[PDB]
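# Architecture and fold: a report
The chain contents come next:
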Amino acid sequence: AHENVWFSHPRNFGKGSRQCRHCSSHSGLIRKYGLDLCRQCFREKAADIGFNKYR
Amino acid sequence: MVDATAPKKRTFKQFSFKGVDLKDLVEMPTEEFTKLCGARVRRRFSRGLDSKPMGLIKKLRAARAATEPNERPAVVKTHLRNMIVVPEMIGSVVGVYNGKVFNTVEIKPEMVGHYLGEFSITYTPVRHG
Amino acid sequence: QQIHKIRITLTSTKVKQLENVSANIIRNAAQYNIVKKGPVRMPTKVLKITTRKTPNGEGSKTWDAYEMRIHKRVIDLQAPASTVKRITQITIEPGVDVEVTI
Amino acid sequence: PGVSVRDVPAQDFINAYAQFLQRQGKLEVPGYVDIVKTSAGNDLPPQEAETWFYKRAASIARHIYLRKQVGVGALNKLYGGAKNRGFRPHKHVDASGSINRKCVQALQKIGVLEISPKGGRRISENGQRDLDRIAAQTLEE
Amino acid sequence: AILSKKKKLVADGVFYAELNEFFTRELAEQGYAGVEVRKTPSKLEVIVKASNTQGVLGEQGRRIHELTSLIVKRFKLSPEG
Amino acid sequence: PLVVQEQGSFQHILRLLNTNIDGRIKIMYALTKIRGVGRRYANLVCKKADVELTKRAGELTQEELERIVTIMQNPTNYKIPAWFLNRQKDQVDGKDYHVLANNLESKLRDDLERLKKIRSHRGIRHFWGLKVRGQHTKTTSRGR
Amino acid sequence: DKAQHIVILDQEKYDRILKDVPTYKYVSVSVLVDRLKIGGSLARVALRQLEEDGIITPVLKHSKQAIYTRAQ
Amino acid sequence: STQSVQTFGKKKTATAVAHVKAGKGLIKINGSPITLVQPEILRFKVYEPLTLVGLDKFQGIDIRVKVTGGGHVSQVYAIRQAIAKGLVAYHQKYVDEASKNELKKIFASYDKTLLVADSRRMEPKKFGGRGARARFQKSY
RNA sequence: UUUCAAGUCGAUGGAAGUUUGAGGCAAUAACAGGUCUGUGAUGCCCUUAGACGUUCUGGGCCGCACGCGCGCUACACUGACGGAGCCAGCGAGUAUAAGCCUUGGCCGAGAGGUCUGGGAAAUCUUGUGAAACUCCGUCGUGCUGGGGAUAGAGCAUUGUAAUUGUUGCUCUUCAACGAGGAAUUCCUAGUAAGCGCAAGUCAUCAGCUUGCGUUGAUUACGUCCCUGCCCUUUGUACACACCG
Ligand SMILES: [Mg+2]
Ligand SMILES: [Mg+2]
Ligand SMILES: [Mg+2]
Ligand SMILES: [Mg+2]
Ligand SMILES: [Mg+2]
Ligand SMILES: [Mg+2]
Ligand SMILES: [Mg+2]
Ligand SMILES: [Mg+2]
Ligand SMILES: [Mg+2]
Ligand SMILES: [Mg+2]
Ligand SMILES: [Mg+2]
Ligand SMILES: [Mg+2]
Ligand SMILES: [Mg+2]
Ligand SMILES: [Mg+2]
Ligand SMILES: [Mg+2]
Ligand SMILES: [Mg+2]
Ligand SMILES: [Mg+2]
Ligand SMILES: [Mg+2]
Ligand SMILES: [Mg+2]
Ligand SMILES: [Mg+2]
Ligand SMILES: [Mg+2]
Ligand SMILES: [Mg+2]
Ligand SMILES: [Mg+2]
Ligand SMILES: [Mg+2]
Ligand SMILES: [Mg+2]
Ligand SMILES: [Mg+2]
Ligand SMILES: [Mg+2]
Ligand SMILES: [Mg+2]
Ligand SMILES: [Mg+2]
Ligand SMILES: [Mg+2]
Ligand SMILES: [Mg+2]
Ligand SMILES: [Mg+2]
Ligand SMILES: [Mg+2]
Ligand SMILES: [Zn+2]
């Protein structure tokens, strides 16, 4: 009954299908190289991951 | 060009949709009917009919069976406005959600093959001045 | 299962440890009379990610350009499988990972 | 010294191989050649209605001569061009698959090409023999 | 499972970034400085630098034992790995 | 394959399907003046009628002119593909058609009331003279 | 709109062409159009034949430009 | 083997590798004679290294080049450099250096790009504009 | 040349002689600049079961007498088509998934469909055989074969779902626009301008950005005339500093 309606809409292949590792956000996601991190969360973790600014 | 004339002819013409007249159209099964309409409709029925379109048809069939003095078959209300009109449901009256209200439409024969929500505008038209 | 043509694949982000492990294995493959092919410098891959600087959407449209260089080297050895694996433990380095394929 | 396909200009070699292929007449031409356009990016069919298929088959034969196992998908990209999207910018779009596939299939039963191992379509044992011949009858003038 | 070279080195970095913040939140009171992940055969050596190595290694090393268990259960690692 | 001359055979103005065609236009592009006949369609009816495209409109004889109007009115009988036609899978009889100069706007019209009679959304915006295909109208189409 | 260049070659213009083209320092598609009042397509076939008939010597051959001169 | 020297010429991205062997004077572009180079307006760009020194210099040597990368025009300049550099490099190794310095003099006095590769490369694009120096149109 | 100093301009050599070309980082303070709509970052206020939490269904964010900004197509012949020639670089790519890049073969006018195989990748897609471009033809100054909106009918793809057309394909309709007032933007060498391609967003959709390469110039290499900023002198009844 209710369990078949609660959270029943598909949440795949969408923008709401994925979220940031850090902030669990839906907007501004980075999927390159399987990062799955928000663009704001990436900047504050880029040095830890191993991404540096050279040029 | 030689010449041309347009003397249009009839024979007690019944309304016809793509070579099939109303008499045979209505009692054709919807499986056979989709084979003679547009590409979008043909794709939709091949993709698999979920329970929602089929459930509305069953209720629409019953609503016609409720009345047998041959007047309007009482309104069935629905949100599913992605329904494709089929000859089976000609003459039925449905209430189609436009987001706020139940717009009431009567299924005319020329409506067949169209989306159910295409006859219920979801926005009141703009009127400047 | 004796002497084989054996491939060791070396990948890392930093080249100093990569060349030390690469040279150390070559050194150990020199005093041991083992014929070797390498090291082979694979074209380095530059993993680049370009985001907007602004956490919000105000200001001049300024962009960061982050980088992650990946260097890959493969070395071919002609030695029995027991000899090559113990060489790997001799030249074990935290940064560089090693995969061995026959 | 001998003569090869590479020793003759490409543009007038195909015009010579096209002429031979039409006069020989053994190449099977599909029935829609008077109707179809070469590419979906094109807007009109070829202007040389009687001869466009022969010349294109001549071009396909020459292009395959110089390479190794070219497929039919690669042929669509080669003869494809920039599509005239109305207000959107131009883009490259591949040519029609049937026209190229029919040519190589038609060319396979005339004896010039054959299906190569590991994909593509190689030139036949006789395919080298008869193309180099046409080159000689090209440059005598 | 089978993970590409580009996606594997990034995963190691992402694992480090998430692991490093985990210590900052948990061991904030002990002057946590940084973490070094020394990969080795048959083992995953992790070196944490803190001002106070008693708060992490307290009451017969109960906290460090109960803290390594939180990482085996979150990254699906073997208990000896 | 060389310059030729003629006297009294050229016809300056043609009349096909009750439409006036300039006789000094090349035959393939002269027929495009007939509404419902585009460049793509005119290229094929001339090729089906064995009228070489290198002829001006006035060069054609009466025999050729009647042979073209016959094909345009009966395209499927001359191996013209169904997908190449103007009005295919017709609404009423379900057959493939190609409407022409005077017939086109009549059956185009009949489609408009057919949209408006059922009061579909597309027919309504057609009635208002607005774009029906989902275009944004907040900043474009402001002329009159 | 005022151009109205002739596209059909009659007999009065034909021999006028063969009487006027030889007395030209330089003939081309536009030169034929400019002074003989014939169309561009009719000029192109005229140049390709006049060269075949020997009246005209081809200085340069190109699709977009045909440079010709008198043969006398 | 025999007297063989191998060289290369470069333009923006195009690179043409020239093999200069001892022979009857065979000069091919990707297996095709140079007399049939597609850029005809520019066919004299590759004819310059020939007519400058005289075709007699090519009696004893045959040249086969393989040019890849770059564009249509950029490949022509790469080819002519590989030929010019190949002729000089052969003289330096198998002929007296007096002749090699003679050939190098005529080439340099005519066009530096015959022997020296052009160092110009494309400037990188910077954000805030559609080009290296160009910027998006500004509005107030 | 020069105070013979710092330097500058010419040649020669040179791969490179503009800081060799281009970027990354970047001081002392400051702004009520913008973000609590990035954060399981936050103080306070509001709400907290008929929720302002969260979820499901449907609609909207696209809605149209109008003004403005970033752009894309064009107004043709230094061109459109039709054939033919046929060259890059920067990059990305999957598994019991929830499905990646996809060649090759076979169907289909196309769009697209189908069967196998390769590639976790300098290996296969991929030489990404890209587009401008070049050759040969048709067109011939004509709102014309420029331009392709708007719209009718039909065919496929993605997606639970396409109606308010996601996108693609076929036929047909073929509009303003005939180089644009006052004003105003960007730019000095592989630069500007064209021309495409890849990556990001992404089930689908790129007229957008971030880069990359193809073709490749005109004109200075000067000044403070306009504009903006900096410095020195000056006035000050301002110091929350002229939003005084
Ligand atoms: Mg509602
Ligand atoms: Mg091409
Ligand atoms: Mg082409
Ligand atoms: Mg165009
Ligand atoms: Mg366009
Ligand atoms: Mg809008
Ligand atoms: Mg610098
Ligand atoms: Mg403020
Ligand atoms: Mg708050
Ligand atoms: Mg908030
Ligand atoms: Mg914040
Ligand atoms: Mg809050
Ligand atoms: Mg919050
Ligand atoms: Mg927001
Ligand atoms: Mg966010
Ligand atoms: Mg609620
Ligand atoms: Mg909005
Ligand atoms: Mg709306
Ligand atoms: Mg709306
Ligand atoms: Mg902008
Ligand atoms: Mg802007
Ligand atoms: Mg063209
Ligand atoms: Mg062209
Ligand atoms: Mg490759
Ligand atoms: Mg027009
Ligand atoms: Mg056009
Ligand atoms: Mg259109
Ligand atoms: Mg200004
Ligand atoms: Mg969308
Ligand atoms: Mg994209
Ligand atoms: Mg955007
Ligand atoms: Mg000033
Ligand atoms: Mg003072
Ligand atoms: Zn985040």
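Heads up: these notes are all about the structure in this document. (Residues numbered from 1 in each chain as written, not as in the entry; some residues may be left out. Chains lettered and ligands numbered in written order. Part of a larger assembly, values for the part shown. Heavy atoms only, no water.)

### A word on the environment of E:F22
Residues and elements named next belong to chain E. The cut-off we apply is this: Secondary structure follows DSSP: runs of H or I at least 4 residues long count as helices, runs of E at least 2 residues long count as strands, and numbering of each begins at the N terminus. Using a 1.4 Å probe on the protein chains alone, a residue whose accessible area is under 20% of its type maximum counts as buried, one over 50% counts as exposed, and one in between counts as partly exposed. Should any heavy atoms of two residues lie within 4.5 Å, those residues are considered in contact.
Within the element layout of this structure, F22 appears in helix 1 (residues 5–26). A relative accessible area of 26% places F22 in the partly exposed class. Not counting chain neighbours up to four residues away, the residues in contact with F22 comprise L67, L70 and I71.

### Observations regarding the nonpolar core
Residues and elements named next belong to chain D. Keep this limit in mind: In plain words, nonpolar cores are sets of buried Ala, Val, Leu, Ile, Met, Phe, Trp, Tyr and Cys residues tied together by side-chain atoms within 4.5 Å.
Among the nonpolar cores identified, the biggest contains 34 residues, and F13, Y17, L27 and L131 are the most heavily contacted of them. In terms of residue count, the dominant contributor to this core is helix 2 (residues 52–65) (nine residues). Those residues in contact with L27, other than ones at most four positions away along the chain, are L21, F53, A57, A106, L107 and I110.

### Overview of the packing of aromatic side chains
Using the following cut-off: Only the six-membered ring of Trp is used, alongside the rings of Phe and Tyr, when aromatic pairs are assigned; centres must lie within 6.5 Å, and planes under 30 degrees apart are stacked while those over 60 apart are edge-to-face, with the rest tilted.
For the structure shown, the criterion picks out 13 aromatic pairs over all chains. On the numbers, 5.5 Å between centres and 70 degrees between planes, the contact of A:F42 with A:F51 is edge-to-face. Side by side, A:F42 and A:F51 carry an identical accessibility label, which is buried. Aromatic side chains E:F23 and E:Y32 sit 5.9 Å apart centroid to centroid with 40 degrees between the ring planes, which places their arrangement in the tilted category. On the basis of relative accessible area, E:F23 is assigned to the buried category, the value being 5%.

### Observations regarding the packing of helix 1 (residues 43–53) of chain H against helix 3 (residues 97–110) of chain H
Residues and elements named next belong to chain H. Using the following cut-off: A fitted line through C-alpha atoms serves as each axis, taken over the contacting stretch for helices, and the angle formed by two N-to-C directions is quoted from 0 to 180°. When describing relative orientation, an angle under 35 degrees is termed roughly parallel and one over 145 degrees roughly antiparallel, while 65 to 115 degrees is termed roughly perpendicular and anything else oblique. Working rule for handedness: look at the near helix, and if it is turned counterclockwise from the far one by less than a right angle, call the crossing left-handed; if clockwise, right-handed. Following the grouping adopted for this structure description, the nonpolar residues are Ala, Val, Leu, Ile, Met, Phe, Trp, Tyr, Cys and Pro, the charged ones are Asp, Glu, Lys and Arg, and the polar ones are all others, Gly among them.
Interaxial distance between helix 1 and helix 3 falls to 10 Å at its minimum, and their mutual angle equals 130 degrees. With respect to their mutual orientation, helix 1 and helix 3 come out oblique. In this structure, the crossing between helix 1 and helix 3 has a hand that is right-handed. On the side of helix 1, the interface is formed by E48, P49, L52 and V53, while helix 3 contributes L103, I106, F107 and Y110. Partitioned by chemical class, the residues of the contact of helix 1 with helix 3 number seven nonpolar, no polar and one charged.

### A look at the arrangement of the chains
Most contacts, when the eight pairs of chains in contact are compared, are made between chains A and C. There is no contact between chain C and chain D; across them, the least C-alpha separation is 25 Å. At their nearest point, the C-alpha atoms of chain E and chain G are still 53 Å apart, with no contact between the two.

### What to know about the sheet that holds strand 1 (residues 4–10) of chain H
Residue and element names in this part refer to chain H. The test is simple: For two strands to pair, DSSP has to find at least two bridges joining them.
In spatial order, the strands read 1-2-5-3-4; together these five strands make up an open sheet with mixed pairing. The open sheet has two edge strands with one neighbour each: strand 1 and strand 4 (32–33). Bridge count between strand 2 (residues 15–22) and strand 5 (residues 61–68): eight bridges; the pairing is antiparallel. Its bridge partner being in strand 5, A22 is matched across the sheet by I61. Across the face of the sheet, helix 2 (residues 72–94) comes into contact with strand 1, strand 2, strand 3 (27–29) and strand 5 while running at roughly 150 degrees to strand 1.

### Quick word on the interface of chain H and chain D
As a reminder of what qualifies: When two parts are brought into contact, each loses some accessible area as probed by a 1.4 Å sphere; the total of that loss over both is the buried area. We define a salt bridge as a side-chain nitrogen of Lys or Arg found within 4 Å of a carboxyl oxygen belonging to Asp or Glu. Polar contact criterion, stated in full: a pair of N or O atoms within 3.5 Å, where within protein one must be able to donate a hydrogen and the other to accept it, and residues adjacent in sequence count only if both atoms are side-chain atoms.
Each side of the interface is counted separately: chain H has six residues, and chain D has four residues. For the pair chain H and chain D, the two sides together bury roughly 370 Å², of which 53% comes from carbon and sulfur. Here chain H is connected to chain D by one salt bridge. The partner of D:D7 in a salt bridge is H:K28, and the shortest N-O contact between them spans 3.9 Å. Our count for the chain H to chain D interface comes out at one residue pair in polar contact. Here the side of chain H that touches chain D is built from residues that sort into two nonpolar, three polar and one charged.

### Details of the protein's contact with RNA strand I
So the rule is basically this: One heavy atom within 4 Å of a molecule or strand makes the whole residue count as near it.
B:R47, B:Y115, B:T122, D:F87 and D:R121 are the nearest of the 198 residues found near RNA strand I. Between D:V72 and RNA strand I, the recorded distance is 2.7 Å, taken from a backbone N or O atom to a phosphate oxygen. Note that a sugar or linking oxygen of RNA strand I is positioned 3.1 Å from one of the backbone N or O atoms of F:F84. For the surface near RNA strand I, the leading source of residues is helix 3 (residues 72–79) of chain D, giving six residues. Tallied by class, the residues present in the surface near RNA strand I amount to 61 nonpolar, 68 polar and 69 charged.

### Digging into the sheet that holds strand 1 (residues 26–27) of chain G
Backbone-to-backbone hydrogen bonds join strands into a sheet, with any given pair of strands oriented parallel or antiparallel. Residues and elements named next belong to chain G. Read from one edge to the other, the open sheet built from three strands follows the order 1-3-2, with strand pairing classed as antiparallel. Two strands close off the open sheet at either side, each with one partner strand: strand 1 and strand 2 (56–60). Bridge analysis of strand 1 against strand 3 (residues 67–70) gives two bridges, and the strand direction is antiparallel. Along strand 3, the bridge assignment pairs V27 with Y68.

### With respect to the interface of chain A and chain C
Counting residues at the interface gives 16 residues for chain A, matched by 15 residues for chain C. Regarding the contact of chain A and chain C, the summed buried area is about 1,400 Å², with carbon and sulfur atoms giving 58% of it. On the surface where chain A and chain C come into contact, there are two salt bridges. Where A:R43 meets C:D64, a salt bridge forms, and the shortest distance between an N and an O atom there is 3.1 Å. Applying the counting criterion to the chain A and chain C interface returns seven residue pairs in polar contact. Of all elements in the fold, only helix 1 (39–43), helix 2 (46–49) and strand 3 (52–53) of chain A reach the threshold of two or more residues within the side of chain A that touches chain C.

### Concerning helix 2 (residues 39–48) of chain F
All names here are of chain F. Within helix 2, nine of the ten residues are buried, which leaves the element mostly enclosed by the surrounding structure. Turning to helix 2, its buried residues number three or more, namely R40, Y41, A42, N43, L44, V45, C46, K47 and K48. Its buried side turned inward, helix 2 meets helix 1 (27–30) and helix 3 (62–73). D50 sits one or two residues past helix 2 and shows a positive phi near 55 degrees.

### Overview of unusual backbone geometry
Keep in mind that most residues, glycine aside, have a negative phi and that most peptide bonds are trans. The residue after C:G38, namely C:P39, is reached through a cis peptide bond having omega -5 degrees. Note on placement: C:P39 falls in strand 2 (residues 36–41). Within the chain, F:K79 stands out as a residue other than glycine whose phi angle is a positive 60 degrees. Mapped onto the secondary structure, F:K79 falls in the loop between helix 3 and helix 4 (101–117). Using a relative accessible area of 65% as the deciding quantity, one classes F:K79 as exposed. With phi around 55 degrees, F:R119 is a residue other than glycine that occupies positive phi space. Counting through the fold element by element, F:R119 comes out in the loop between helix 4 and helix 5 (121–128).

### Topic: a nonpolar patch on the surface
Filter applied, for reference: In this scheme, patches are assembled from residues that exceed 30% relative accessible area and form no salt bridge. Like charges are connected within 9 Å, while nonpolar side chains (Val, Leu, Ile, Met, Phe, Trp, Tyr) are connected within 5 Å. Note on areas: Shrake-Rupley with a 1.4 Å probe; residue coverage comes only from the protein chains shown.
On the surface, a cluster of nonpolar side chains totalling about 420 Å² of accessible area is made up of B:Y123, F:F127, F:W128 and F:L130. Mapped onto the fold, F:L130 is located in the segment after helix 5.

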